[PDB]
Structures are given as structure tokens and as C-alpha cells.
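Each remark here refers to the structure printed beneath this line.
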There are 4 protein chains.
Amino acid sequence: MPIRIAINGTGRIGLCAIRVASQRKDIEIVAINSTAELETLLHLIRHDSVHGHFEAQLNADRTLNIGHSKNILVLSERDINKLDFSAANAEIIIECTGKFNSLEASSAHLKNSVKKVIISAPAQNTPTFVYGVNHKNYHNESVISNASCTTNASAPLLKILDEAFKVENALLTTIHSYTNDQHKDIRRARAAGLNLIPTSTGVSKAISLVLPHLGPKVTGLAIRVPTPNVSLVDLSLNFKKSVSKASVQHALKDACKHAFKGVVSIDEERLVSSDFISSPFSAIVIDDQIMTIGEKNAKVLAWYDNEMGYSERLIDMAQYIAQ
Amino acid sequence: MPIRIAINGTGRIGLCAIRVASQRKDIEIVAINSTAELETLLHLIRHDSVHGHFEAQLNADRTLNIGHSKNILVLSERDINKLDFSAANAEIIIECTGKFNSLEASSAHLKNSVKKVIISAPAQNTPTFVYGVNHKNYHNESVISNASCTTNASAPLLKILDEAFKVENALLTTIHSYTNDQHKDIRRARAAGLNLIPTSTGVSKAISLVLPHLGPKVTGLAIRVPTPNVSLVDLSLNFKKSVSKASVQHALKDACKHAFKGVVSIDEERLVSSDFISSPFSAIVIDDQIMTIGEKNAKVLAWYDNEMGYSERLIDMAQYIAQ
Amino acid sequence: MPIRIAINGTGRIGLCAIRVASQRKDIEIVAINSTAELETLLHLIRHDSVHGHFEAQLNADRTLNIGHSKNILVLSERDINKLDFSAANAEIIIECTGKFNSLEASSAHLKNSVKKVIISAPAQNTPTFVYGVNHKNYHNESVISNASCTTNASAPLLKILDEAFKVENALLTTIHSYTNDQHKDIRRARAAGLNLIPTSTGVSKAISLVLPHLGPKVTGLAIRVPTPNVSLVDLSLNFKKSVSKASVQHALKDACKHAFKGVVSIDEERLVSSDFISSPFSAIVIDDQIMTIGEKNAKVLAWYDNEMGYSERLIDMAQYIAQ
Amino acid sequence: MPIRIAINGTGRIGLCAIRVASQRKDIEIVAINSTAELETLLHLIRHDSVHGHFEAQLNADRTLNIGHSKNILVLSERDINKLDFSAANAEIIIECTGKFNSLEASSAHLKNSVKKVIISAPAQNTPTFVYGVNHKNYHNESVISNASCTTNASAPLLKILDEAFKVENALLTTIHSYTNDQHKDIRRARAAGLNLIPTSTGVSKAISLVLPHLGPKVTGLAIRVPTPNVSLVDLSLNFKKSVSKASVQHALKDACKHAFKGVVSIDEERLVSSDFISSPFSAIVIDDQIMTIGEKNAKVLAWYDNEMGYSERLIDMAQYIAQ
């Protein structure tokens, strides 16, 4: 029987999760909770400025029909304590509202038929997993976090490169595309659309949750830029083992054939950011721009769609934790 | 007597050089050569989408009157061999067309009253100087290059940090704003306005010209982004001496008080890119985003206006080489 | 004695109103109410991505000192019923929060020393005035609306052209720049940053409030575009009197010399949108693009900064209603 | 036998024409002339920042294989007098370089196997046709123009509305998206990427070529905006017959069912500009934003992709003139 999931929240990540989940034969979306009116929700599923058009229909009984999910109940309840996914017999909640990003808050979902919650964001006090990095450490936790799009891109690369060459230290800069991004930090009060905006983002702590040995050896920051969706991570690494451009390229390519198949990819075609809109990978390595200096240092860049790679991992994690 | 300069070319750098030079009492712009009609040239001097409005007038005899340069002869001759700055008695040519970026090509200017040429770009076979880095090595060369805006930003920082801590290696990434940017590299055939575009840029060779000891120890790349003017350089460095965030901050601040006064600045106000439009500095360090990891590694970011800092250095170099 | 005003709300319009009011010797800003911390508010006054840097200081007693307003009390009270501008003896409130855009809601300000409220937006059930159009009809109303930036641009032009040629009908399209814009209309749910977005905006009703005879003769719409601040209105008019391009140009120019001096301007210099960032005019006519067809029809375009023209009118209206 | 065409020039319109023609079973692309290297041309066919990825292969003999065109000879000859499409037996040239936009210049193609030329731009002294408007007036001319994307959008609407209601006069404003746009007009010297730019465009003359009775009754202008591809035309019309919003809607809808089937479409779904990227229609009417005022005036808006609608018409015209 397909895994019965419900999506809570229909911002960008929730909408992408709907699209992704609808294409998986081992998933049934049984319910969506949205603040939008039904026809607005249908509109936003069908039409997207970056991801294009998508087929979705309304059934006669005003459930939705999308891909393999032919009978999706639509709810509109803001209060998590009143919200009741029981009529749809949901087993896993994908928590995409941004309002309950903690263990205590999202635990309010655990009632009736619901067994598990995956939070689509970093979350306070919450066991955190990145698919391909530490997801096999999962041990039946009922509320988990899928981390951030940034960590989903950088943690796979760090793991691959540490296994090959042994990371001594690394500095990460994320060029974070935020046109579609819907703090004690004064720069967050300034116009996203007109500016490059450097931001601290808790890189060391994030990495520590999924790669505990590396957390203390890495740090970095983000530069928010006014383009949509496709972001880049730039890792500057110092290794124990000597490296060349070729050896770094070969280590990354080998990983994509094996342990990170379907999660990390290599671009050998010299493409640009817009070519990776809607890419399902967590990271796409820019093969020709790998460089080394001295014996022990390298720079590695990788693209990612900050919605679609993440959302593909979200649903991968739902299938995994359902077993 | 003020130094008699002529500006060849009225693209973005030539126009910025006009504006800069007009405000210096020790400079007289005696001539401008432009492919534009006279009233078009006047328009483009007065009105700029990023640098705002500027006072300029046309004299009765149809010379221009701008700041301290009250009698600017306007020429329109494409052929360097026919071009004759003699009627204006020009001594130094600021070569801003992009058509003669070599020692052999720009040497065609050396005739009549002209003694020296400064090329506003990297140039083949041409002695290269960055103000504050190696300009005191100047030894009466008649044709020189002022390098690139990128090297003008990164070379001062490398020099400061090497003097303080000894650079073992460094990796540089420039986030290059190219909305106002008027190769064997296929990515250059793609839409600048819609994409992040990674590009090789010959970092090691560029640094080697002005900091020969460091050239072999540094490399990097650029990511072209569709914002105007204000760029960022991100340096990831490994040092011989142990560093902290504080010690790096103090080394940079001390340099701006002394050896790099008027060339490098520090931002302690947590500003964003648009705040540095039209800045005269080669680099403005982002003080709060300096970070270290391990004992020996640091990341330093700095802003620059890719036209105005460079153009202020261009005119600084003209005053210097005139002695 | 200068007129004692307080600004409620420090979004874009409130910040622009602060800057404007600070430069008027007949105004004293006595208080600002803001949800921001004091140092954040100071930052946002001093630094603006589109309007540039502005001088502001903090006094020893932690009032603000800006231009002619040397002792500005800073409050932070969200609840209009608890908010008390009495300590600063404010007489007029400039209501810029967007939360009280009705006669009933903004009437909660009328207590203690406060005599009048000007709402910086269209407001339900509220007497509405556009400076230069109908402000001389003011008759001591204690709560008024300054309409919208769009109506402030279009209503002056309609008035001028109706007086000259007699408007039979007109169609208005506003190209509304919304990068800095902080409904039953599904298009409002789509990405402002990536799209041209056509929107109904109640043109006929808006015009009817300030030009009652014309309201029934005009309609139109807006197209929201992802550029900042500088908008354009495009009016297509059918007149009773025959017109030429020249006669329309002359009617507009004459009005700017007389009845609309300081409110409407003419651009004879063939400028582009960025040249009018921070312009104080309600509308700047694009003289060379006026056209006619047939005997009776014309098209007239005009620029405006959707923050600064409006905010200059807001303070003009405060001075006027204070008498 | 399929019609043998060759595409001269591989800018945006040439590349779109390749993609379009490759999907038509009654067309064979026999040759492409490009200044690009072969692998660069292949890259630009396969990867597009706005139109996405497209399947194309290189055959063993280094012809291209795209859709129904399995044997495309690739040439690289800049000189029209040396260029020889004979080896590929081309019958119709689609002239997309922008270098030969006149009857005299493009007549240099008429040699060897070539019978006809279609110029993908307005062209001096050249018979001009818009598909659906006047293409049935074609009478075996050997060199023709397909006009501009703007005229392809506006002329169909003018024809429909004139037939229904009789146009007395009209004013047209085109919001022309020019991020992907690769004069005596000083505004053309300013930064396209940062500005709204009003431009005269010879509307009356353009319309006169395809709708001679209407040319004298219409005029207008363009406003160039920094978004990609999807443009809007805004027509303000005065009619002899009385109109309502409903009657205008019905006239446009009826035309799309009949005389303009496949050329004009209606949007009843309240979509935004990005939803029409790569649309094949010359114009897509914005049904809900049609408005009238008085008895005789209306405003009609319509979207178009400024590359793809035009390129679909270009190939439609090639099939038509081949008969």
C-alpha cells in the first residue's frame, strides 16, 4: 500500500513537495492543509513562475487529483490543535508552514492516525537528517528535521571529500538566490531585491548535526543575491592528503556513480544557473571550475535549485522513514 | 601647472575617469576622444543610472567645462594613427577604449606632445601597477596598465594580510556585478541578465604581476551576477601565523589608517551592496563577517564599485607617474 | 512656531516622510512611532538602497536629531489605544502603518494634544485630498487621506488637460514599479519579482473623490513591473477641443509655470526612469513622447517616484491643513 | 517532399526558428549559417535560459540532427556573396542576421537553388506580411519581411476589432521585455537593465504596411522594461459602434475560434507574464482586464513571447509561400 502523507502548508516548499510526491507511485498524498481557498490552491499547483505548468484536476467531490494521488482532501485550519488529518488517515505529516519549527511545536501533530512528522526546515531540539549523509542513522524518531537547502547541498560534498582526502578545515560560502524566498541582523531589514546581502547562517552548527566530526572544522556564510531558485555553494577546503584538480574531479564523479547516485550529480557541459532550474539533485558539481593550490587546498563549486532538490529529498526521507 | 591629460574612449570607465579627474585641482582634462556626438557625450557625462547627475556645461566655443577642467577639447577620431591630441597639448593619455590593450597597440599614442599612456585594463606585454601595492616600483615606463577592478580590490588585501600573517596559500572568489558590463568560454555566450555565470579569470597571473611572491600561492575564479556595479571579493586564506577574527580585523584596520589610507576602508556599520555605489575605495572590508577556522585559516570579504574605485586609482596613478 | 507632527509607522513612506519633514523649517517632527529598535530605526533613516545616505544623529538623551527637527522622541507602541504622543505635544499625526486606513480606525489618534490625522493611503469613509487638485476644498476635517501615489500623479494631469481641452473620456495605464512595495485577486498570489502583473486598481472611484466630474469619464488599470520606485502613468484621452502634440505640450508647460508649480514638471531632456529617483514632483511629463491621433485624441506619459513625490505632497498637506 | 529551408544567423530569432522548424513534418532544415563554432551552435540549440532544454545531436559526418531535420549542413560564412547554400539545395532562406534588412541586401541570397527569402525583421523597400492579417495578399514575391514581434501582436487585434466595431482611432503602448534583446535616440545610449525606457517605434507606418486603411488612424510607442521575453501590448481604441466589456470579449473569442485560430488566444485563467514564456501565439488576450468607458472606447491588453510567437509565424509564412 502507498505511504499516506499529508502536506501542512502551501508556500513554495509545500507546493514543490506536492508536485514531487504526486509523481511517486509509492506515495499517496491523502490531504493538504492550506490557508488558500481551494481554487487558489489549485491555481498555485498548476502554474509556477519558475517550475512551469503542472497537471492537476478537481474531482466532482472537490478533492484534488494529481498524478498518483487521485483523492486529496483539502483542509484549511490554521490552529494545529484543531487541525485533524484523521478523515484522510494520514500517517506522515510533511510540515511546511514555518510556524512550528521545533520538537515541542510539531509534536502537536502526533495524534489520531499520525505516526511521524518531517519538518521542512531546521528545527529546535529536533533530530536532523540529510539524505545520503546520515539518514541511515534514523532510529524510529517520530519528529525529524530535513535541515536546510544549503546543508543538503554542502553536507554531501563535505562527506565525499572527507572520505577521499580527510578534511582538516573548510570555509563555505553560499550564493543564495532569494527572489522566491518568502533576526538581530540589521541587513535583513534592507531590500533583498536590490542588494547583495552577506549573512551569518550557523554553518558549523548545521554541519555538526549531520557530520559531527566535521562541524568543528568548518564554518562559512551566505551572500543573498536577487536571482531566483538556483544557488551555488563554494567550498574552500584544506585536506590531509595531497590533491590535484583531476583527483578531486575523480573522487566526486565516483561518488555520484555509487554512494550518492541520484543525490549528487556532475556538470561536464559548462552550463549556467538557469539550466538547473527544477533540478532534483541536492548538488550539481561544476566539474571544470574545480581548482587546487599548493598540495592540500581545493575549491569546489556546486549548483542546486533551493526548492526542488530539497523537496525531492523531503519525499525520499518520507519513503525511507516509513520503511 | 596642472597635469594635462586626455581621455580616449567614453564607455563606462572613460566617463567615470572624466568625472573623477574633473574634481582634482592638480589635473586638467585637456581633451576627450569619443565616438559619440558632442551633445550625446555631454548627456552621458551629466546623467548616469547608477552614479546620478553631474554638473557639466558646454562653452560658447563648444569645448566642455567640468569642475576644474574648464576648456576640454572634444575629438571624434576612431583611427589611433590619425588621432591627434596635439591641439590640446596632452601629456598623459588615459586609454579607455578596450581596442588597444597591448604595449604595441597603445604605443601608437606616443607622438607629438604625449609622453605617457595608462591603459584602463590588463594589457599584453605591459608593465602593470596597482596603486598602494606596487606603484612605487614605477620607473618612468611610458606605457603602463592599471590592471583590473578585481585585482585592484584583491591585491591590497593580499598584501596587507601577507605582511601581517604570511600567506601560504589563498583561494579568491569574486562576485562580479555585471549589469553595467559593456573567449573560448562557452558560458560567455549565455544571457548575463538571467544567470549566475562562473568564469575563469587568470587570478594567479594577475596577482603575479603586482605581487610576484604571491602569484604562485593564489588562484580563484569569478561568479558573474546580474546586479550593477558593486562587487564583492571573498578571500579564503591559509597563513603561517595563527590568527583570530579579532587579529585579522585589527591588521586590516591598522593598514587603512596607514599604508592604505584612502585605498582600503573598513565597514563597521553592517551595510549592504547598494550603500557602496560610487565608493572611491579599492576595497571596503566587511568587518563583522571576517571569520577564522582552525588556527591558520580565515575568510575575508570586501566590497568595491567596479567602476569608481578603479577610476579613482586610475587618476591617482596619472598624478603619481607625472610626479 | 513650527507645526508639531508625529510620524506613525516607519515603512518606506514613513521613512521618506521623516526625511522630507526634516528639511522643512516650518515643521518640527516631535515624535516617531516605530516597531523597530532605536538603533535599527536610525540605520534605516541614514541608509537607503534607492534614496542614498542621509544625515541623522542620536542625542545624548536618545532622541533623534535630523535637520530642523533636533529633539525627536522615539516611541514603540503597536496598540493605537495605548499609543500616547502627548509627551511630545504632537498636533498632527502622519499615519503611515497601513493598519488603520479608515475613518473609524484612525480616529483613535484623536486624543490629548492631537488635532488632525493625515492617512498616507486611500482610506474607507475618509475625506480625500490631492495637493494641487482639490486641497483648497479642505474645510477643517480632522481625519483626511492623501490618496495614492498613482492618483497623485494622474489627477493633476487630468485636471490640467480637462481645463485646457475638456476631457470626454480617458483610459489610464500605470506601470507601477514595485521592487520596494512592501485581495480576491489571484495574480497577487504570484511572484512580483519575476512577472509583469496586470491589476485592477479602482481608478474611476479614486479620481471621483478628487475630480468628481471626471470620475465617470475615466477608467484604467496598473501593470506591476519588477523595477524600483520610478513608475509611469500613460493617459489616453479623448477631448472635446481639437489638439496637436504642440498644443498639449504648451498646455502642460503653462500649468507647471503657474497653478502646478512645484507639483508637476516637464522633462525636455529625454531622460530615463532612473534619472527621476527621489524626484519631489507628483508627475514629470515626458515632453517628447506626447502624441495625438485624429483631431481629438492624445497620449501623455509622466514619471513619478512612487515614494518621494507622494511624501513631499504628504508634508505639503500637513503644512496646508495646519494653516 | 518537405520544404527545404536554410536559416541564416543564430541569434535569438534564428535559434528559435531552428527549434520551431525542427518540429514541423512539412519542413526540412537543410542548412544553418552561423558565426559560432559547431559545438557552440549545438550548445546554444540545446540549452536556453528562457526556453529550456531541447534535444539535438551531431551526426557522425558533423551535420546536425534535430527533430524531423536529420541532416542539417552547418556553414560559417559572413560574406553573403561568398555564402553558398547550394550543397544543401535550400529553396527558402530565413534571414535572421540583422545585417541585410533591405530588399537590395537580402536579394544577394537569390542565386543557385534559392527561390525565396523571408527577412525576420522590418526591412526597407520590402513587401511585408503578417500571418493572419494580410498573408493571403502574397503574390509570389521572392523577398518578403515578416515585420516585427510588436506588429505581429498588435495587427491581428486591430484587424479583429476593426471588423467588429470599426476603428476610428487607436493609441498603442507596447511594454517591450528586453532582457534578451541583443538611433538618433539618446535614450538607447542608456542602461537597458536598470531603466524603463520610452521609445518611438514607427507604429503608424508599420500598421500601414499590413492594414493600410488603419495606418493613418493609429499611433503609439514602446516602453522597454528589463524583464525577459514576455511583452504586453495595450491598445486604447475609439470605435464607431458602441461597445461593452462583454461585446469586446465576445468579438475576440469568436475570432480565435475561426479566422485567427492558432494565431490569437484568450487567457481566461488570470495568468501572469511568466506563464506565457514560449507561447506559440502572436497574441494572448487578457480577457478579465478588457474595459470600456463611454459608449465607444475600450482598452485591450495582450501578452506575447517576443521570440516564440514571432518564430512560429516565420515558419508558418515559409510553409505558406512555398504553397
Side-chain angles (χ1 to χ4, degrees), chain A residues 7-22 29 31-58 62-64 66 72 74-78 94 96-99 120 177-182 192-193 226-229 277-278 305-308 311, chain C residues 98 101 174-202 221-227, chain D residues 227 230 232 267-277 279 284 286-289 301 303:
Chain A
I7 309 322
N8 195 35
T10 60
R12 302 293 299 163
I13 296 294
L15 291 168
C16 292
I18 292 161
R19 285 185 179 212
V20 172
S22 73
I29 308 162
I32 299 162
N33 185 42
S34 175
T35 62
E37 301 189 352
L38 179 62
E39 288 275 5
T40 296
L41 173 59
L42 185 53
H43 183 104
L44 288 177
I45 294 166
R46 284 174 170 171
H47 308 297
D48 196 273
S49 300
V50 298
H51 306 300
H53 300 283
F54 203 83
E55 179 79 8
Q57 304 268 266
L58 191 60
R62 299 178 66 87
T63 59
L64 305 179
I66 319 172
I72 308 172
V74 179
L75 302 174
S76 192
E77 181 51 71
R78 268 177 199 285
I94 315 303
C96 303
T97 67
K99 303 184 297 173
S120 71
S177 286
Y178 52 7
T179 306
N180 275 323
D181 271 43
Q182 22 148 227
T227 57
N229 274 65
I277 292 172
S278 318
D305 184 303
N306 66 12
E307 300 168 349
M308 196 66 75
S311 301
Chain C
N101 292 340
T174 300
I175 308 302
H176 176 82
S177 286
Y178 52 7
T179 306
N180 275 323
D181 271 43
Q182 22 148 227
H183 308 243
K184 277 116 171 63
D185 180 1
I186 188 50
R187 295 195 177 94
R188 290 260 204 15
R190 311 296 294 291
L194 295 175
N195 289 293
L196 311 174
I197 306 183
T199 311
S200 311
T201 54
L221 46 77
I223 309 297
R224 294 171 47 230
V225 303
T227 57
Chain D
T227 57
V230 176
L232 181 153
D267 178 32
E268 294 184 55
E269 295 183 294
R270 292 171 176 67
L271 300 180
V272 296
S273 61
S274 69
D275 298 318
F276 299 97
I277 292 172
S279 178
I284 310 96
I286 310 182
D287 191 53
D288 64 295
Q289 297 287 315
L301 307 186
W303 303 114

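A, B, ... follow the sequence lines: proteins, then strands. Residue 1 opens every chain. What's counted below: heavy atoms across the whole structure, side chains too, no hydrogens, waters or symmetry copies.
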Mind listing the closest non-hydrogen atom pair of [X] and [Y] along with its distance?
{"X": "D:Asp267", "Y": "C:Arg187", "value": "OD2-NH2, 4.4 Å"}
{"X": "C:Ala192", "Y": "C:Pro226", "value": "O-CB, 3.7 Å"}
{"X": "C:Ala222", "Y": "C:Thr201", "value": "CB-CG2, 3.8 Å"}
{"X": "D:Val230", "Y": "D:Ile277", "value": "CG2-N, 3.6 Å"}
{"X": "C:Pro198", "Y": "D:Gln289", "value": "CB-CG, 4.2 Å"}
{"X": "A:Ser177", "Y": "A:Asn306", "value": "O-ND2, 3.0 Å"}

Evaluation steps, side chain to side chain contact (heavy atoms under 4.5 Å, CB included), between A:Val50 and A:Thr179: CA-CA 11 Å; A:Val50 298; A:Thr179 306; over 6 Å; no
Starting at [atom1] of [X], measure out to [atom2] of [Y] and round the result to the nearest 0.5 Å.
{"X": "A:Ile18", "Y": "A:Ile13", "atom1": "CD1", "atom2": "CD1", "answer": "11.5 Å"}
{"X": "C:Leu194", "Y": "A:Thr227", "atom1": "CG", "atom2": "OG1", "answer": "10.0 Å"}
{"X": "A:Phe54", "Y": "A:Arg46", "atom1": "CZ", "atom2": "CZ", "answer": "12.0 Å"}
{"X": "C:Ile175", "Y": "C:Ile223", "atom1": "CD1", "atom2": "CD1", "answer": "5.5 Å"}
{"X": "A:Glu55", "Y": "A:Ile45", "atom1": "CD", "atom2": "CD1", "answer": "12.0 Å"}
{"X": "A:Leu75", "Y": "A:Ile7", "atom1": "CG", "atom2": "CD1", "answer": "12.0 Å"}

Looking just at side-chain N and O atoms, do [X] and [Y] make a donor-acceptor pair shorter than 3.5 Å?
{"X": "A:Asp48", "Y": "A:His53", "value": "no"}
{"X": "A:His51", "Y": "A:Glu307", "value": "yes"}
{"X": "A:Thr97", "Y": "A:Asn8", "value": "no"}
{"X": "A:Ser278", "Y": "A:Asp305", "value": "no"}

Test your reading of the model: is there a side-chain donor-acceptor pair from [X] to the backbone of [Y], 3.5 Å cut-off?
{"X": "A:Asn33", "Y": "A:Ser76", "value": "yes"}
{"X": "A:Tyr178", "Y": "A:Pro228", "value": "no"}
{"X": "A:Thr40", "Y": "A:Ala36", "value": "no"}
{"X": "A:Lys99", "Y": "A:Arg78", "value": "yes"}

Any salt bridge linking D:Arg270 with D:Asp287? Criterion: basic side-chain nitrogen under 4.0 Å from a carboxylate oxygen.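 Salt bridge between D:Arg270 and D:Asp287, a charged N being under 4.0 Å from a carboxylate O: no.
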Begin with the C-alpha distance, continue with both residues' side-chain angles, and end with the deciding distance and a verdict on side chain to side chain contact (heavy atoms under 4.5 Å, CB included) for C:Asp185 and C:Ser200. CA-CA 9 Å; C:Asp185 180 1; C:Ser200 311; over 6 Å; no
Is it true that, when you exclude A:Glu37 itself, more than 12 heavy atoms of the residues, nucleotides or ligands shown sit nearer than 6.0 Å to its CD?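 Open: at most 12 neighbouring heavy atoms sit under 6.0 Å from CD of A:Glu37.
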Quick one: do A:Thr10 and A:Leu44 satisfy side chain to side chain contact (heavy atoms under 4.5 Å, CB included)? Show the steps, please. CA-CA 9 Å; A:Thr10 60; A:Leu44 288 177; 5.8 Å; no
Minimum side-chain heavy-atom gap [X]-[Y] below 4.5 Å:
{"X": "D:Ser273", "Y": "D:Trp303", "value": "yes"}
{"X": "C:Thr199", "Y": "C:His183", "value": "no"}
{"X": "A:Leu41", "Y": "A:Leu15", "value": "yes"}
{"X": "A:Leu38", "Y": "A:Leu58", "value": "yes"}
{"X": "A:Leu64", "Y": "A:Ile29", "value": "no"}

Using side-chain hydrogen bond (donor to acceptor under 3.5 Å, both in side chains) as the criterion, list what pairs up with D:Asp275, not counting sequence neighbours.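 C:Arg190.
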Where do A:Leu42 and A:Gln57 land on the side chain to side chain contact (heavy atoms under 4.5 Å, CB included) test, with the steps shown first? CA-CA 8 Å; A:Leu42 185 53; A:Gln57 304 268 266; over 6 Å; no
